[PDB]
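Numbering (PDB author numbering), first residue to last: 6 to 119, 123 to 315.
Here the structure is laid out as structure tokens; the discussion comes afterwards.
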């Protein structure tokens, strides 16, 4: 299987910068995983990296279609698989920056996929009620459900044991099974890494990124797009455009709209963080404790094994 680096994380969380730094230390090339950066003309609302910021590193999947064009998880897979081969073929390191759960797993595994806020409380509450249990008592508990998991996971690795107990309690199904199928249907020798952070910092940064976008001409952009008739298009329905279109007509106030724009952005970021934790096995880097350089070292240590 071909080596592939995957760096997911919320918008402007450093995933983009980190990708380039990794690309510069291992002469690789980046494939944009964002399903919006594919449209030309939509640069501000999508946090599209500029040619200058790319620092020479070549990027793909950016400005490859017009707004009225259609895109999808598989469309991304078809194009990404070709680039990942071409890249490796030229002795380089294929790196995908960004992307959502669907787009990423659809690309990583060859299987058809298959979450209520209530279970969030039940599972979390029940887990916090499991903090009491010693290392072995909690292991026994895991054994009762997933024999295969508790079998190999040593009782002193509380982390992996909770992850298994956590997964079960939510989906109510086999955990060691997702492991198996994902382990066999995997197309690449993936090094999946994600940038994490507390909901507090996350939500605060998002509100701040929405302020900057407005300050950089986001509204002016949706104006040029809506004027070019690109309205009614799938792209114009993405968070950051669908909220502003109404205010351009005068049906909603800028204040109220922006209020909804920062909200949809917060919910979206959350939903994406949730998915990457309950479906993927990502090596999370806590952004609230590491820096661009510190992260590049965590990855450098991980890469000094694959070799």
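A virtual CB, placed ideally from N, CA and C, is assigned to each residue, including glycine.
C-beta contact flag for residue i and residue j at 7 Å
| i | j | result |
| --- | --- | --- |
| residue 223 | residue 13 | no |
| residue 92 | residue 174 | no |
| residue 184 | residue 152 | no |
| residue 292 | residue 208 | no |
| residue 217 | residue 17 | yes |
| residue 25 | residue 62 | yes |
| residue 120 | residue 199 | Between 119 and 123 in the chain the model has nothing, and residue 120 is one of the residues in that span. |
| residue 38 | residue 106 | no |
| residue 172 | residue 146 | no |
| residue 6 | residue 196 | yes |
| residue 307 | residue 27 | yes |
| residue 49 | residue 262 | no |
| residue 193 | residue 276 | no |
| residue 273 | residue 311 | no |
Exposure of residue i, with buried meaning 16 or more beta-carbon neighbours within 10 Å
| i | result |
| --- | --- |
| residue 23 | buried |
| residue 15 | buried |
| residue 210 | buried |
| residue 21 | buried |
| residue 300 | exposed |
| residue 110 | buried |
| residue 140 | exposed |
| residue 244 | buried |
| residue 133 | exposed |
| residue 89 | buried |
| residue 42 | buried |
| residue 53 | buried |
| residue 124 | exposed |
Pairwise C-alpha distance: residue j and residue i
| i | j | result |
| --- | --- | --- |
| residue 66 | residue 119 | 27 Å |
| residue 84 | residue 213 | 32 Å |
| residue 108 | residue 9 | 15 Å |
| residue 163 | residue 144 | 6 Å |
| residue 313 | residue 58 | 30 Å |
| residue 116 | residue 257 | 44 Å |
| residue 44 | residue 239 | 14 Å |
| residue 36 | residue 148 | 44 Å |
| residue 294 | residue 19 | 11 Å |
| residue 254 | residue 235 | 13 Å |
| residue 289 | residue 228 | 40 Å |
| residue 270 | residue 154 | 41 Å |
| residue 215 | residue 188 | 39 Å |
| residue 46 | residue 69 | 11 Å |
| residue 135 | residue 249 | 39 Å |
| residue 168 | residue 129 | 21 Å |
| residue 161 | residue 182 | 15 Å |
| residue 264 | residue 284 | 31 Å |
| residue 55 | residue 40 | 16 Å |
Proximity to residue i [Cα-Cα], best of the options
| i | options | result |
| --- | --- | --- |
| residue 266 | 200, 233, 219, 90 | 219 |
| residue 72 | 311, 233, 302, 136 | 233 |
| residue 122 | 164, 179, 269 | Since the chain is numbered 119 and then 123, with no step between, residue 122 has no place in the structure shown. |
| residue 225 | 32, 51, 37, 44 | 51 |
| residue 29 | 193, 132, 304 | 304 |
| residue 112 | 244, 274, 80 | 80 |
| residue 206 | 261, 124, 282, 137 | 282 |
| residue 165 | 142, 182, 186 | 142 |
| residue 186 | 68, 96, 264, 286 | 286 |
| residue 241 | 60, 76, 69 | 76 |
| residue 315 | 47, 82, 98 | 98 |
| residue 32 | 46, 54, 60 | 60 |
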